[PDB]
Structure formats: C-alpha cells, structure tokens
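Visitor: First, the structure itself, so that you have it in front of you.
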Amino acid sequence: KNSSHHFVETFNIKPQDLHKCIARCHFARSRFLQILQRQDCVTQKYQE
Amino acid sequence: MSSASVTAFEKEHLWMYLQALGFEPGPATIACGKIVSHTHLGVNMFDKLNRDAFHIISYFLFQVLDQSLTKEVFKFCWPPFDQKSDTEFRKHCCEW
Amino acid sequence: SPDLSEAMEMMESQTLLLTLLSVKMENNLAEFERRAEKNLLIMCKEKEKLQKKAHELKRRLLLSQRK
Amino acid sequence: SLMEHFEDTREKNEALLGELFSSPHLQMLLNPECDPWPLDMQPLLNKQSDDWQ
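If you read the protein sequences in the order shown, they are chains A, B, C and D. For the first sequence, PDB author numbering begins at 145 and goes up steadily by one. For the second sequence, PDB author numbering begins at 1 and goes up steadily by one. For the third sequence, PDB author numbering begins at 139 and goes up steadily by one. For the fourth sequence, PDB author numbering begins at 159 and goes up steadily by one.
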C-alpha cells in the first residue's frame, strides 16, 4: 500500500551482482528490525 | 551434498513460508475431516507420499490467491477424495 | 560449498521472507491502530462525559455549601 | 573480504530465521490484541458501540 509497486521489475531479473544483493538484503533486514521496534514502541505506548 | 542441502533448504523454508502465510494445523485437519493423532504435523508432513496435506495447502494458497476464483470454480466442483476426483484436481492444477 | 548462483537465490529467498514479514506486520499494525484509535477515542469521550457530570457534582456541592 | 562477509551474513541470517519461527508465541505477533481492560468497562463500550463510524 504505502510503497510503490515497482519491485516486480526488480525481482524478476536473475541476480548477477553480489554487492547489490548484499545491500538489498541488508536493507530488507533493516526494514524488518525498524518496523519491529516501531511496533514494539507503539505497543508500550498503547499500554501506558 | 549440494542437492541434499538444496532440498533441505527447500523443505525447511517451505515450512517457513507456510507458517509465515497464515497456517494452522488442527482446525485445518478438522475441515479436511482427517485424524491428527495419525498425522505427522510439523516440518516432516511429507515424509511419505502425502496427498491430503498437499490438497489442503493447495486449496489454502489458492483461496489466498483468489477467493473469488475459488468460490467460482471449486464452489460447484470441489472433488477432494477419490481417485477420479484427484485426477480432476490434478487436471485443474496442470491447467493453472 | 555451494556455487555463487545458488547463494543468489538463497539471499533472494531471505529478502522475500523479510518482505513478506514486513507486509504482513504492516497490515497487522494497520488493523491494530484502527482498533486502538477507535477504542481510545471512545474512552476519551466517556472520560469527557464523566468529568462533565463530575464538575456538575462539584458545583452543586459547593453551591449548596456556601448557601 | 567480501566472501567472508557474505558467508557470515548468510550464516547469521539463517540463524535469525531459524530462531524466529521456533516458538509457539507468534500468535500474539500475527494477531496484536487490544485487551488490557478489566471486565467492568466493556458495557460502557457496548452502550454506544455503533455511534462512532
């Protein structure tokens, strides 16, 4: 919803470059950790 | 041992995908109407030639993919049990 | 050791796992914040009503007192 | 090197995905509940439960 739907032309191409794949995986892990801590903080804010 | 590692990764992360996509064993087996105590629920469901589990997960992913298509085509033709019914299911799977 | 290409789909699998996790937690956070905002604003409204009738009770008490 | 960093990243990521899905407590994660309330407050909600939309 909030993100653009343009990822489909990124993931259909056979991966070739190591640096790009490492950076994209690190970005995805950072996004997961970021939304995890934000959901945590929202949960304790709602609780208090 | 590369192929063994590949298929072990495939099995474990198929289980990871299934858990991550909203799976729950017990009531799903109830909807299938099959026993749980003689079923190896978990990571090793497909240790044998497992048909009913493949049926349940296939119908689950198909109704997640398109509920309207599901209650269009499997509404009047949900043939889940017998051999001819399994053949019809396989024909629909092949077409899709 | 596996070759480079199998590692490419290994990391692609990890990225798809992280993306699926992010999307489903986004949807869960959306429904959670909708429910939380609706309930919290309802209890804030009844908080306002409770303090309104409570203030009526204080003013009645102090009025009758200094009479 | 880039090879060692890639292998260590692969190992730590597979360890992370292994430890995330090894617990039965994720039903709270997939379904974030909204119930810290006591038992005497819900009728106040149900009195005007259809007057907010």
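Using N, Cα and C, we set each Cβ at its ideal position, and we do this for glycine too.
Could you tell me whether the stretch 172-185 of chain C touches the stretch 69-88 of chain B, where touching means 3 or more Cβ pairs closer than 8 Å?
Guide: Result no; under three Cβ-Cβ pairs closer than 8 Å.
Visitor: Spatial neighbours of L41/B within its chain, please: CB distance less than 6 Å, with the 5 preceding and 5 following residues excluded, ordered by chain position.
Guide: Closer than 6 Å at the Cβ level, and outside the excluded window around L41/B, lie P25.
Visitor: Are the C-beta atoms of residue 195/A and some chain D residue less than 8 Å apart?
Guide: Lying before the first or after the last residue shown, residue 195/A is absent from chain A, which here runs from 145 to 192.
Visitor: Within the same chain, show all residues whose beta-carbon is closer than 8 Å to that of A28/B, passing over the 5 residues directly before and after it, in chain order.
Guide: Taken in chain order, the residues that qualify are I56 and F60.
Visitor: Against chain D, does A168/C count as a neighbour if the rule is that its beta carbon must be under 8 Å from one of theirs?
Guide: So no, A168/C is outside the interface.
Visitor: Pull up the distance between the alpha-carbon of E192/A and that of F54/B, whole angstroms please.
Guide: Spanning the two alpha carbons is a distance of roughly 45 Å.
Visitor: Helix, strand or coil for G22/B, going by three-state DSSP, please let me know.
Guide: Correct three-state label for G22/B: coil.
Visitor: Does chain B have any CB closer than 8 Å to the CB of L159/C?
Guide: Interface residue, yes.
Visitor: At a CB-CB cut-off below 7 Å, which residues of chain D make contact with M16/B?
Guide: Per Cβ cutoff of 7 Å: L175 and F179.
Visitor: Determine, using beta carbons only, whether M181/C comes closer than 8 Å to chain F.
Guide: Checking the listed chains, one finds no chain F in this structure; the protein chains it contains are A, B, C and D.
Visitor: Measure the Cβ-Cβ separation of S139/C and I179/A and say whether it is below 8 Å.
Guide: No, the pair does not count as a contact, with Cβ atoms beyond the cut-off.
Visitor: Looking at chain D, is there any beta carbon in it that lies within less than 8 Å of the beta carbon of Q191/A?
Guide: Yes - at least one Cβ of chain D is within 8 Å of the one on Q191/A.
Visitor: Tell me the rounded alpha-carbon separation between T157/C and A8/B.
Guide: Using only the alpha carbons, I get a separation of about 22 Å.
Visitor: Exposed or buried, what is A173/D when buried is set at 16 or more other beta-carbons lying within 10 Å of its beta-carbon?
Guide: Per the 10 Å Cβ criterion, exposed.
Visitor: Figure out for me which residue from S37/B, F46/B and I35/B has the closest Cα to the Cα of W15/B.
Guide: Answer by Cα proximity: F46/B.
Visitor: Name the residues in the stretch 139-158 of chain C whose C-beta lies less than 8 Å from a C-beta of chain D; which are they?
Guide: Flagged, chain order: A145, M148, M149, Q152 and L155.
Visitor: Please return the same chain residues whose Cβ sits closer than 6 Å to the Cβ of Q181/A, not counting the five positions on each side in sequence.
Guide: Nothing meets the Cβ criterion.
Visitor: Please determine, among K48/B, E12/B, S37/B and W96/B, the residue with the shortest C-alpha to C-alpha distance to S58/B.
Guide: Of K48/B, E12/B, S37/B and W96/B, the residue nearest in Cα terms is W96/B.
Visitor: Specify the secondary structure class of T39/B as computed by DSSP and reduced to three states.
Guide: Reduced to three states, the DSSP call for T39/B is coil.
Visitor: If we count Cβ pairs, one from each stretch, closer than 8 Å, do we get three or more for the stretch 75-95 of chain B versus the stretch 141-148 of chain C?
Guide: No contact exists between the stretch 75-95 of chain B and the stretch 141-148 of chain C.
Visitor: What span of residues does the alpha helix (DSSP H) with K91/B cover, start to end?
Guide: Taken as a continuous stretch (DSSP letters only), the alpha helix (DSSP H) holding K91/B covers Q83 to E95.
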